[PDB]
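A.B. asks: My structure file protein_16.cif, mmCIF, C-alpha atoms, is below:
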```cif
data_work
loop_
_atom_site.label_atom_id
_atom_site.label_comp_id
_atom_site.auth_asym_id
_atom_site.auth_seq_id
_atom_site.Cartn_x
_atom_site.Cartn_y
_atom_site.Cartn_z
CA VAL D 21 -4.48 20.96 -3.56
CA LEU D 22 -3.21 17.88 -1.71
CA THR D 23 -0.81 18.18 1.24
CA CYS D 24 0.58 15.83 3.86
CA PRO D 25 -1.03 16.54 7.26
CA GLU D 26 2.11 15.47 9.16
CA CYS D 27 5.15 16.79 7.28
CA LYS D 28 3.56 20.23 6.74
CA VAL D 29 6.08 21.08 4.02
CA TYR D 30 5.28 23.45 1.16
CA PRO D 31 5.38 22.73 -1.67
CA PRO D 32 4.37 19.14 -0.88
CA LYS D 33 6.36 16.29 -2.40
CA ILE D 34 4.04 13.58 -3.73
CA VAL D 35 4.46 10.42 -5.81
CA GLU D 36 1.58 8.54 -7.42
CA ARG D 37 1.69 4.74 -7.36
CA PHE D 38 -0.37 3.85 -10.42
CA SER D 39 0.11 0.07 -10.16
CA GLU D 40 -1.41 0.22 -6.66
CA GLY D 41 -3.91 3.05 -7.16
CA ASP D 42 -2.40 5.17 -4.40
CA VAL D 43 -0.99 8.65 -3.78
CA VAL D 44 1.94 8.59 -1.36
CA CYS D 45 3.98 11.29 0.35
CA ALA D 46 7.63 10.76 -0.53
CA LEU D 47 8.92 11.64 2.95
CA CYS D 48 6.79 9.95 5.63
CA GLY D 49 5.41 7.27 3.31
CA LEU D 50 1.85 8.22 4.26
CA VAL D 51 -0.92 7.26 1.83
CA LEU D 52 -3.06 10.26 0.86
CA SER D 53 -5.72 9.14 -1.64
CA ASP D 54 -6.60 5.63 -2.80
CA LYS D 55 -8.24 4.17 -5.90
CA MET Z 1 20.02 1.67 21.34
CA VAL Z 2 17.27 3.02 23.59
CA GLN Z 3 13.80 4.48 23.40
CA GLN Z 4 14.08 7.74 25.35
CA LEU Z 5 10.80 9.15 26.66
CA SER Z 6 11.17 12.84 27.44
CA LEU Z 7 9.40 16.03 28.49
CA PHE Z 8 10.82 19.55 28.28
CA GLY Z 9 10.48 23.02 29.75
CA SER Z 10 12.32 26.16 30.76
CA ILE Z 11 12.60 28.51 33.73
CA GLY Z 12 13.92 31.96 34.49
CA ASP Z 13 16.96 32.16 36.74
CA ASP Z 14 15.07 34.31 39.27
CA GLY Z 15 13.20 31.28 40.60
CA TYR Z 16 16.22 29.00 40.16
CA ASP Z 17 17.20 28.76 43.83
CA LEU Z 18 13.59 28.25 44.91
CA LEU Z 19 13.09 25.53 42.30
CA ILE Z 20 16.11 23.62 43.58
CA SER Z 21 14.76 23.48 47.11
CA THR Z 22 11.39 22.18 45.94
CA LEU Z 23 13.06 19.38 44.00
CA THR Z 24 14.93 18.25 47.11
CA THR Z 25 11.62 18.31 48.97
CA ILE Z 26 10.19 15.79 46.48
CA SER Z 27 13.04 13.48 45.46
CA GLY Z 28 14.75 13.43 48.85
CA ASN Z 29 18.14 13.70 47.10
CA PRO Z 30 20.58 16.61 46.72
CA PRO Z 31 21.60 17.91 43.28
CA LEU Z 32 24.89 16.81 41.76
CA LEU Z 33 27.00 19.08 39.58
CA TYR Z 34 28.05 17.95 36.11
CA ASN Z 35 29.30 19.25 32.78
CA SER Z 36 29.90 17.97 29.26
CA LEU Z 37 31.14 18.96 25.81
CA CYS Z 38 29.44 17.89 22.58
CA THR Z 39 30.81 18.11 19.04
CA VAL Z 40 28.53 17.69 16.02
CA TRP Z 41 29.86 16.18 12.80
CA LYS Z 42 28.24 16.03 9.38
CA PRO Z 43 28.97 14.06 6.20
CA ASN Z 44 31.60 15.63 3.98
CA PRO Z 45 30.01 17.62 1.12
CA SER Z 46 33.13 17.08 -1.00
CA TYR Z 47 32.14 13.41 -1.38
CA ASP Z 48 29.11 12.70 -3.57
CA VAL Z 49 27.06 9.98 -1.85
CA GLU Z 50 25.19 8.66 -4.87
CA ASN Z 51 24.45 5.58 -2.74
CA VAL Z 52 21.45 7.37 -1.20
CA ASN Z 53 18.74 5.40 -2.97
CA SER Z 54 16.83 8.35 -4.44
CA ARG Z 55 14.10 6.23 -6.06
CA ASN Z 56 13.38 4.34 -2.81
CA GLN Z 57 14.72 6.50 0.06
CA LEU Z 58 16.20 3.59 1.95
CA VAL Z 59 18.21 6.03 4.10
CA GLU Z 60 18.97 9.75 4.50
CA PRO Z 61 22.18 11.43 5.72
CA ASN Z 62 22.37 12.28 9.41
CA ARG Z 63 24.59 13.99 11.98
CA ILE Z 64 26.84 12.36 14.58
CA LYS Z 65 27.33 13.57 18.17
CA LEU Z 66 30.57 12.99 20.10
CA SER Z 67 30.43 13.80 23.81
CA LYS Z 68 33.08 14.00 26.52
CA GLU Z 69 33.36 15.12 30.14
CA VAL Z 70 35.71 18.03 30.91
CA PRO Z 71 37.16 18.65 34.40
CA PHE Z 72 36.02 21.75 36.28
CA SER Z 73 39.63 22.98 36.47
CA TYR Z 74 39.06 24.30 32.93
CA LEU Z 75 35.78 26.05 33.85
CA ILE Z 76 36.77 27.78 37.12
CA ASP Z 77 38.60 31.11 36.84
CA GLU Z 78 41.03 32.64 39.33
CA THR Z 79 38.18 34.21 41.32
CA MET Z 80 36.35 30.99 42.20
CA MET Z 81 38.57 28.45 43.97
CA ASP Z 82 37.51 29.91 47.33
CA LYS Z 83 33.94 28.68 46.95
CA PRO Z 84 33.38 24.92 47.30
CA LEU Z 85 32.44 22.84 44.26
CA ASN Z 86 28.65 22.63 44.59
CA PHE Z 87 25.57 23.80 42.71
CA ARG Z 88 25.61 27.41 43.93
CA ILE Z 89 28.43 28.18 41.48
CA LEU Z 90 25.77 28.15 38.74
CA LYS Z 91 24.50 31.43 40.20
CA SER Z 92 27.68 33.10 38.93
CA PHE Z 93 27.38 31.58 35.42
CA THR Z 94 25.13 34.29 33.94
CA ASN Z 95 27.66 36.00 31.65
CA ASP Z 96 28.23 35.09 28.02
CA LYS Z 97 31.95 34.75 28.81
CA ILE Z 98 33.45 31.48 30.05
CA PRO Z 99 36.97 30.32 30.92
CA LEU Z 100 36.97 27.57 28.26
CA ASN Z 101 37.77 29.20 24.91
CA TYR Z 102 38.17 28.01 21.33
CA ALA Z 103 41.90 27.29 21.53
CA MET Z 104 41.60 24.83 24.43
CA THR Z 105 38.85 22.85 22.70
CA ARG Z 106 40.91 22.80 19.51
CA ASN Z 107 43.75 21.42 21.64
CA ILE Z 108 41.44 18.69 22.98
CA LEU Z 109 40.83 17.37 19.46
CA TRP Z 164 34.17 9.91 24.25
CA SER Z 165 30.66 8.74 23.37
CA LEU Z 166 29.32 8.42 19.82
CA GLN Z 167 25.60 8.90 19.32
CA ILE Z 168 23.04 9.02 16.50
CA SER Z 169 19.32 9.72 16.69
CA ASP Z 170 16.16 9.97 14.58
CA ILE Z 171 13.15 12.27 14.42
CA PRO Z 172 10.52 11.34 17.06
CA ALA Z 173 7.63 9.05 16.23
CA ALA Z 174 4.79 10.52 14.18
CA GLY Z 175 1.15 10.71 15.17
CA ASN Z 176 -0.76 13.01 17.51
CA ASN Z 177 -1.70 10.30 20.04
CA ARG Z 178 1.69 10.47 21.79
CA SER Z 179 1.83 12.15 25.21
CA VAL Z 180 5.63 12.17 25.63
CA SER Z 181 8.47 12.69 23.17
CA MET Z 182 9.61 9.21 22.15
CA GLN Z 183 12.99 9.15 20.41
CA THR Z 184 15.27 6.35 19.19
CA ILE Z 185 18.98 6.55 20.00
CA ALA Z 186 21.89 4.40 18.79
CA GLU Z 187 25.01 4.69 20.93
CA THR Z 188 28.56 3.39 21.12
CA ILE Z 189 31.72 4.18 23.07
CA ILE Z 190 35.28 4.96 21.97
CA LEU Z 191 37.80 3.82 24.58
CA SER Z 192 41.24 4.62 23.13
CA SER Z 193 43.25 4.62 19.91
CA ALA Z 194 46.75 4.48 18.45
CA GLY Z 195 48.64 4.95 15.21
CA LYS Z 196 50.44 7.77 13.47
CA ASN Z 197 47.34 10.03 13.45
CA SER Z 198 45.44 8.95 16.57
CA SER Z 199 42.98 11.81 17.08
CA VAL Z 200 39.22 12.30 17.08
CA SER Z 201 39.39 14.65 14.09
CA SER Z 202 41.46 12.19 12.05
CA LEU Z 203 39.12 9.34 13.02
CA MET Z 204 35.96 11.16 11.95
CA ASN Z 205 37.63 12.27 8.72
CA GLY Z 206 38.53 8.63 8.12
CA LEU Z 207 34.88 7.64 8.48
CA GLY Z 208 33.88 10.47 6.15
CA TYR Z 209 32.60 13.16 8.52
CA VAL Z 210 33.71 16.74 9.19
CA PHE Z 211 33.27 19.12 12.11
CA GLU Z 212 30.29 21.47 12.12
CA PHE Z 213 30.06 23.18 15.54
CA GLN Z 214 30.21 22.51 19.27
CA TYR Z 215 28.78 23.68 22.57
CA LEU Z 216 29.19 23.27 26.32
CA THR Z 217 26.53 22.23 28.84
CA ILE Z 218 26.70 22.94 32.57
CA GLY Z 219 23.97 22.07 35.01
CA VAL Z 220 22.63 19.88 37.78
CA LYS Z 221 21.09 16.41 37.89
CA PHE Z 222 18.35 14.89 40.04
CA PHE Z 223 17.85 11.13 40.33
CA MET Z 224 14.32 10.08 41.27
CA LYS Z 225 12.67 6.68 41.56
CA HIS Z 226 12.00 4.33 38.64
CA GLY Z 227 15.06 5.55 36.75
CA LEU Z 228 13.69 9.05 36.12
CA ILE Z 229 16.38 11.67 35.49
CA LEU Z 230 15.76 15.42 35.70
CA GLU Z 231 18.31 17.87 34.28
CA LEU Z 232 18.74 21.63 34.64
CA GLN Z 233 21.08 22.93 31.94
CA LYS Z 234 22.81 26.05 30.62
CA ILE Z 235 24.27 25.95 27.11
CA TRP Z 236 27.22 27.97 25.77
CA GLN Z 237 27.97 27.92 22.06
CA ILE Z 238 31.68 28.29 21.32
CA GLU Z 239 33.39 29.76 18.25
CA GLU Z 240 36.69 31.42 17.45
CA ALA Z 241 34.67 34.64 17.37
CA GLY Z 242 33.76 34.03 21.01
CA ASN Z 243 31.35 32.32 23.39
CA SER Z 244 27.63 33.08 23.44
CA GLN Z 245 25.08 31.74 25.92
CA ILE Z 246 22.02 30.72 23.92
CA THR Z 247 20.00 29.94 27.06
CA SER Z 248 20.35 33.56 28.13
CA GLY Z 249 18.90 34.42 31.53
CA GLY Z 250 17.34 31.04 32.21
CA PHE Z 251 17.72 27.31 32.68
CA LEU Z 252 16.54 24.56 30.33
CA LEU Z 253 14.67 21.77 32.13
CA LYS Z 254 14.44 18.23 30.75
CA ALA Z 255 12.92 15.17 32.43
CA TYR Z 256 13.47 11.82 30.78
CA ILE Z 257 13.59 8.04 31.13
CA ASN Z 258 15.34 5.37 29.05
CA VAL Z 259 13.90 2.04 27.87
CA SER Z 260 16.33 -0.62 26.67
CA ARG Z 261 13.96 -2.61 24.42
CA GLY Z 262 11.37 -0.92 22.22
CA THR Z 263 9.26 -4.05 21.79
CA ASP Z 264 8.31 -4.29 25.48
CA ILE Z 265 5.12 -2.27 25.79
CA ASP Z 266 4.21 -2.87 29.43
CA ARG Z 267 7.45 -1.14 30.40
CA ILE Z 268 6.77 1.74 28.00
CA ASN Z 269 3.29 2.21 29.45
CA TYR Z 270 4.77 2.26 32.96
CA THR Z 271 7.36 4.83 31.87
CA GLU Z 272 4.69 7.08 30.37
CA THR Z 273 2.63 6.76 33.55
CA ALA Z 274 5.60 7.84 35.67
CA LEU Z 275 6.40 10.80 33.41
CA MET Z 276 2.80 12.06 33.36
CA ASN Z 277 2.55 11.66 37.14
CA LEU Z 278 5.72 13.73 37.54
CA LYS Z 279 4.33 16.40 35.22
CA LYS Z 280 1.03 16.47 37.12
CA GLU Z 281 2.98 16.91 40.36
CA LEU Z 282 4.66 20.12 39.11
CA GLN Z 283 1.40 21.78 38.05
CA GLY Z 284 1.28 25.50 38.80
CA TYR Z 285 5.05 25.98 39.19
CA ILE Z 286 6.52 24.87 35.84
CA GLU Z 287 4.73 23.73 32.67
CA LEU Z 288 6.33 20.64 31.15
CA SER Z 289 5.42 20.20 27.49
CA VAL Z 290 6.11 18.01 24.48
CA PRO Z 291 8.45 19.94 22.16
CA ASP Z 292 7.86 20.34 18.43
CA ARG Z 293 8.40 17.13 16.47
CA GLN Z 294 9.96 19.11 13.61
CA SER Z 295 12.51 20.78 15.92
CA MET Z 296 14.18 17.53 17.07
CA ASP Z 297 15.03 16.52 13.49
CA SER Z 298 18.78 16.31 12.89
CA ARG Z 299 19.05 15.20 9.26
CA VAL Z 300 21.48 17.06 7.01
CA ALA Z 301 18.94 17.95 4.31
CA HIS Z 302 17.09 20.36 6.62
CA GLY Z 303 18.82 22.58 9.15
CA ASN Z 304 17.50 23.56 12.58
CA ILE Z 305 18.68 22.97 16.15
CA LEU Z 306 16.50 22.91 19.26
CA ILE Z 307 18.36 25.04 21.77
CA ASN Q 225 -51.91 1.60 -7.42
CA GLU Q 226 -52.97 4.98 -6.07
CA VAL Q 227 -49.64 5.97 -4.50
CA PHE Q 228 -46.93 4.43 -6.68
CA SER Q 229 -48.42 3.29 -9.99
CA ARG Q 230 -51.07 5.62 -11.38
CA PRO Q 231 -51.68 5.24 -15.14
CA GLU Q 232 -51.59 8.97 -15.86
CA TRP Q 233 -47.87 8.78 -15.04
CA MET Q 234 -47.31 6.36 -17.93
CA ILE Q 235 -47.26 9.38 -20.28
CA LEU Q 236 -44.17 11.56 -20.05
CA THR Q 237 -44.31 15.29 -19.33
CA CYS Q 238 -40.92 15.95 -17.69
CA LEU Q 239 -37.75 13.99 -18.40
CA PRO Q 240 -35.17 13.47 -15.62
CA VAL Q 241 -31.53 14.11 -16.51
CA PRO Q 242 -28.97 11.73 -14.97
CA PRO Q 243 -25.84 13.14 -13.29
CA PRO Q 244 -22.46 12.94 -15.06
CA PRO Q 245 -21.51 9.81 -13.07
CA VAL Q 246 -24.04 7.92 -15.21
CA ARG Q 247 -22.54 9.42 -18.41
CA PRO Q 248 -18.84 9.98 -17.67
CA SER Q 249 -16.72 12.03 -20.04
CA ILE Q 250 -13.36 10.55 -21.05
CA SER Q 251 -10.72 13.28 -21.27
CA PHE Q 252 -7.61 12.38 -23.26
CA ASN Q 253 -6.07 15.83 -22.77
CA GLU Q 254 -6.93 19.18 -21.19
CA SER Q 255 -9.13 20.24 -24.13
CA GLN Q 256 -9.93 16.74 -25.46
CA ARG Q 257 -13.23 15.57 -23.96
CA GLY Q 258 -15.04 12.71 -25.66
CA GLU Q 259 -18.60 12.72 -24.36
CA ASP Q 260 -20.88 9.73 -23.83
CA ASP Q 261 -23.64 8.76 -26.25
CA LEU Q 262 -26.32 9.43 -23.64
CA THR Q 263 -25.46 13.12 -23.37
CA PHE Q 264 -25.53 13.48 -27.17
CA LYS Q 265 -29.00 11.94 -27.25
CA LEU Q 266 -30.14 14.24 -24.44
CA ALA Q 267 -28.76 17.27 -26.30
CA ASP Q 268 -30.69 16.24 -29.41
CA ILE Q 269 -33.83 15.82 -27.29
CA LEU Q 270 -33.50 19.34 -25.91
CA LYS Q 271 -32.71 20.79 -29.35
CA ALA Q 272 -35.89 19.26 -30.77
CA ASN Q 273 -37.86 20.47 -27.75
CA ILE Q 274 -36.74 24.08 -28.18
CA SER Q 275 -37.43 23.91 -31.93
CA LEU Q 276 -40.96 22.66 -31.27
CA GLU Q 277 -41.44 25.36 -28.63
CA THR Q 278 -40.29 28.18 -30.92
CA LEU Q 279 -42.58 26.91 -33.69
CA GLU Q 280 -45.45 26.58 -31.20
CA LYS E 1079 22.63 -50.04 -9.32
CA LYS E 1080 21.08 -51.82 -12.28
CA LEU E 1081 17.43 -51.27 -13.16
CA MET E 1082 15.20 -54.36 -13.13
CA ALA E 1083 13.29 -53.36 -16.28
CA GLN E 1084 14.83 -52.19 -19.53
CA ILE E 1085 13.96 -48.84 -21.08
CA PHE E 1086 12.86 -47.71 -24.54
CA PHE E 1087 15.44 -45.20 -25.71
CA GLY E 1088 16.14 -43.10 -28.79
CA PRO E 1089 16.05 -39.80 -30.66
CA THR E 1090 12.85 -38.02 -31.65
CA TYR E 1091 11.81 -34.61 -33.01
CA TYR E 1092 10.31 -31.95 -30.75
CA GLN E 1093 9.04 -28.41 -31.31
CA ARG E 1094 8.98 -25.59 -28.77
CA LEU E 1095 5.46 -24.18 -28.81
CA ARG E 1096 4.42 -20.55 -28.38
CA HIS E 1097 3.16 -20.65 -24.78
CA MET E 1098 5.63 -19.66 -22.06
CA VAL E 1099 4.78 -19.47 -18.37
CA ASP E 1100 6.37 -16.00 -18.19
CA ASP E 1101 3.54 -14.66 -20.38
CA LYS E 1102 0.74 -16.24 -18.34
CA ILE E 1103 1.70 -15.37 -14.76
CA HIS E 1104 -0.29 -12.65 -13.04
CA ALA E 1105 -1.09 -11.42 -9.54
CA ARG E 1106 -2.85 -8.41 -8.07
CA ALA E 1107 -3.39 -7.02 -4.58
CA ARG E 1108 -4.78 -3.58 -5.47
CA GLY E 1109 -4.62 -1.18 -8.37
CA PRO E 1110 -6.41 1.00 -10.91
CA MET E 1111 -10.19 1.02 -11.24
CA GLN E 1112 -12.66 1.77 -14.04
CA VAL E 1113 -14.12 5.17 -14.85
CA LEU E 1114 -17.78 4.12 -14.99
CA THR E 1115 -18.27 0.96 -12.91
CA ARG E 1116 -15.24 1.55 -10.61
CA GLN E 1117 -14.21 -2.12 -10.68
CA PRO E 1118 -10.75 -3.59 -11.30
CA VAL E 1119 -9.72 -3.20 -14.93
CA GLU E 1120 -9.40 -5.98 -17.51
CA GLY E 1121 -6.03 -7.06 -18.83
CA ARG E 1122 -2.84 -8.66 -17.60
CA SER E 1123 -0.62 -5.98 -19.15
CA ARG E 1124 -2.84 -3.44 -17.33
CA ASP E 1125 -2.57 -5.35 -14.00
CA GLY E 1126 -6.28 -6.11 -13.74
CA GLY E 1127 -8.30 -8.55 -11.67
#
```
What would you get if you wrote out this structure as structure tokens?

C.D. replies:
Amino acid sequence: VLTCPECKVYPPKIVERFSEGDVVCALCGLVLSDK
Amino acid sequence: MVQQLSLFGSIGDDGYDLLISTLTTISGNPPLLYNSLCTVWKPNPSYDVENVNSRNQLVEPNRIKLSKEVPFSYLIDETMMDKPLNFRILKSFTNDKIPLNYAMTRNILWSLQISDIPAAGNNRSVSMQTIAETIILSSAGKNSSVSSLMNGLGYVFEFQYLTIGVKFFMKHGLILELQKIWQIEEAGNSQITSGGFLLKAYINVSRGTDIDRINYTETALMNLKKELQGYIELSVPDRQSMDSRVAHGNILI
Amino acid sequence: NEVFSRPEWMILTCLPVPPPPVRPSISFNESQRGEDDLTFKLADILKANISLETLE
Amino acid sequence: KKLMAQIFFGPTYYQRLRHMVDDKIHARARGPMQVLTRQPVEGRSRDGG
């Protein structure tokens, strides 16, 4: 399970940026996991 | 556009009088009565705003606030002209009923204002919020009215409320407000801040880039909070409560 | 050397098994796991060892 | 103006070869890694290093 520690919204909304190797919350723009 | 740095709190009316005296002991100024009337408007759901860039989230829909001052002759009933117009009248404003009803406000229909959710992060000691403001001076035409104007822009009415309270001006541009809020509907008037006063201490900064000024403002606000220790607890409100975007609905009151 | 390089150790008795990072499995789908060559060789080693043990 | 020196001038035959700059241009700040060595992948169409 992977959740944003600032929006605190369930279920979390998440978009994976494959071309940058990142996982990004779609609301605050925060970067969750890299590489 | 300002960066408003704010701290919040609340008190029960029992200590109200006492509180007032203490403030005058600190500021050296007497309280000044004031009132206001705010109307909230939201984008029309009949119109499909496909222009919201869903794949990029360039922008999200938001709510507009229109404020105006209303003379006390609309707020004083036939039992109250004998008393002078000062702060003590607030002691009689404990009932959910109020002279200003729905029909008068409908007959009325300024300052236009938009805001954003406060800044993220847990290393912020005061609520920092960004505000964009403009002023409407007058109008003309065949349908000159606030309602027609906001429908021309693309917004519709959502609700409204009435604030009555007192103001204290301290040094360094610090403003302290004691408020009572009455929501108004055709069904009637209900006091949300029932049996108490809402306390808000805030400062305004004109330019967000200047950081020396912001540090000074935070220092003044924390010093004020540390002065009132033991009487009233001033706290940073919830960041998710001061969010006014249409997608999610809640209202700090 | 007495501490690091005794000659008795040049003959194997126990074989260390490397973690899966050294031999990563490539998973096309949920039930499609293509395993590395190293794990196949290690499986054959263990199969032969158990066969020799059960004949012993 | 006029040019001091004259110029050799005339038609010729030319062919447009198979190499375009649009098929050779590549840049990378960050991106996917490798399963085993965990180093930037190989390949322009797979935005590698």

A.B. asks: At most 6 Å is the cut-off: for each residue in chain E with any atom that close to an atom of chain D, write down the nearest atom pair and the distance in Å rounded to one decimal, counting only C-alpha atoms, chain first then increasing number, as JSON lines.

C.D. replies:
```
{"residue": "E:1108", "atom": "CA", "partner": "D:40", "partner_atom": "CA", "distance": 5.2}
{"residue": "E:1109", "atom": "CA", "partner": "D:40", "partner_atom": "CA", "distance": 3.9}
{"residue": "E:1110", "atom": "CA", "partner": "D:41", "partner_atom": "CA", "distance": 5.0}
```

A.B. asks: Expressed in Å to a single decimal, how great is the separation between atom CA of residue Z:78 and atom CA of residue Z:307?

C.D. replies: 29.7 Å

A.B. asks: Rounded to one decimal place, report the atom CA of residue Z:60-atom CA of residue Z:237 distance in Å.

C.D. replies: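 Separating atom CA of residue Z:60 from atom CA of residue Z:237 is a distance of 26.8 Å.
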
A.B. asks: Listing only residues of chain Z within 9 Å of chain D, what is the closest atom pair and its distance in Å (to one decimal) for each, using only C-alpha atoms, sorted by chain and residue number ascending, as a tab-separated table?

C.D. replies:
```
residue	atom	partner	partner_atom	distance
Z:56	CA	D:46	CA	8.9
Z:57	CA	D:47	CA	8.3
Z:174	CA	D:26	CA	7.5
Z:175	CA	D:26	CA	7.7
Z:294	CA	D:27	CA	8.3
```

A.B. asks: Next, the residues of the selection above should be written as a PDB file, in the coordinates of the input with C-alpha atoms.

C.D. replies:
```pdb
ATOM      1  CA  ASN Z  56      13.380   4.340  -2.810  1.00  0.00           C
ATOM      2  CA  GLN Z  57      14.720   6.500   0.060  1.00  0.00           C
ATOM      3  CA  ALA Z 174       4.790  10.520  14.180  1.00  0.00           C
ATOM      4  CA  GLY Z 175       1.150  10.710  15.170  1.00  0.00           C
ATOM      5  CA  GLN Z 294       9.960  19.110  13.610  1.00  0.00           C
TER       6      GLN Z 294
END
```

A.B. asks: Using the chain letters and numbers from the file, which residues does the PyMOL selection byres ((chain Q) within 12 of (chain E)) grab, as an MDAnalysis selection string?

C.D. replies: chainID Q and resid 244:251 260

A.B. asks: As an exercise, work out the distance from atom CA of residue Z:245 to atom CA of residue Z:214 in Å and give it to one decimal place.

C.D. replies: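 Atom CA of residue Z:245 sits 12.5 Å away from atom CA of residue Z:214.
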
A.B. asks: Given the PyMOL selection byres ((chain D and resi 22) around 9) and the file above, list the residues it selects as an mmCIF file with C-alpha atoms, keeping the file's coordinate frame.

C.D. replies:
```cif
data_model
loop_
_atom_site.group_PDB
_atom_site.id
_atom_site.type_symbol
_atom_site.label_atom_id
_atom_site.label_comp_id
_atom_site.auth_asym_id
_atom_site.auth_seq_id
_atom_site.Cartn_x
_atom_site.Cartn_y
_atom_site.Cartn_z
ATOM 1 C CA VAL D 21 -4.480 20.960 -3.560
ATOM 2 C CA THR D 23 -0.810 18.180 1.240
ATOM 3 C CA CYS D 24 0.580 15.830 3.860
ATOM 4 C CA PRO D 32 4.370 19.140 -0.880
ATOM 5 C CA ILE D 34 4.040 13.580 -3.730
ATOM 6 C CA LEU D 52 -3.060 10.260 0.860
#
```

A.B. asks: Of the candidates Z:102, Z:233, Z:260, Z:32, which one gets nearest to residue Z:86 if we count all atoms listed in the file?

C.D. replies: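 Smallest distance to residue Z:86 is found for Z:32.
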
A.B. asks: Find the residues near stretch 61-65 of chain Z: any atom within 10 Å, counting all atoms listed in the file, skip ones fewer than 6 places away on the same chain, and give them as a PDB file with C-alpha atoms, in the coordinates of the input.

C.D. replies:
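Output contents, as saved in selection.pdb:
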```pdb
ATOM      1  CA  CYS Z  38      29.440  17.890  22.580  1.00  0.00           C
ATOM      2  CA  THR Z  39      30.810  18.110  19.040  1.00  0.00           C
ATOM      3  CA  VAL Z  40      28.530  17.690  16.020  1.00  0.00           C
ATOM      4  CA  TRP Z  41      29.860  16.180  12.800  1.00  0.00           C
ATOM      5  CA  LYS Z  42      28.240  16.030   9.380  1.00  0.00           C
ATOM      6  CA  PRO Z  43      28.970  14.060   6.200  1.00  0.00           C
ATOM      7  CA  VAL Z  49      27.060   9.980  -1.850  1.00  0.00           C
ATOM      8  CA  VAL Z  52      21.450   7.370  -1.200  1.00  0.00           C
ATOM      9  CA  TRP Z 164      34.170   9.910  24.250  1.00  0.00           C
ATOM     10  CA  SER Z 165      30.660   8.740  23.370  1.00  0.00           C
ATOM     11  CA  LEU Z 166      29.320   8.420  19.820  1.00  0.00           C
ATOM     12  CA  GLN Z 167      25.600   8.900  19.320  1.00  0.00           C
ATOM     13  CA  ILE Z 168      23.040   9.020  16.500  1.00  0.00           C
ATOM     14  CA  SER Z 169      19.320   9.720  16.690  1.00  0.00           C
ATOM     15  CA  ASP Z 170      16.160   9.970  14.580  1.00  0.00           C
ATOM     16  CA  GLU Z 187      25.010   4.690  20.930  1.00  0.00           C
ATOM     17  CA  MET Z 204      35.960  11.160  11.950  1.00  0.00           C
ATOM     18  CA  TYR Z 209      32.600  13.160   8.520  1.00  0.00           C
ATOM     19  CA  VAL Z 210      33.710  16.740   9.190  1.00  0.00           C
ATOM     20  CA  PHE Z 211      33.270  19.120  12.110  1.00  0.00           C
ATOM     21  CA  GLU Z 212      30.290  21.470  12.120  1.00  0.00           C
ATOM     22  CA  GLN Z 214      30.210  22.510  19.270  1.00  0.00           C
ATOM     23  CA  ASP Z 297      15.030  16.520  13.490  1.00  0.00           C
ATOM     24  CA  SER Z 298      18.780  16.310  12.890  1.00  0.00           C
ATOM     25  CA  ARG Z 299      19.050  15.200   9.260  1.00  0.00           C
ATOM     26  CA  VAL Z 300      21.480  17.060   7.010  1.00  0.00           C
ATOM     27  CA  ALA Z 301      18.940  17.950   4.310  1.00  0.00           C
TER      28      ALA Z 301
END
```
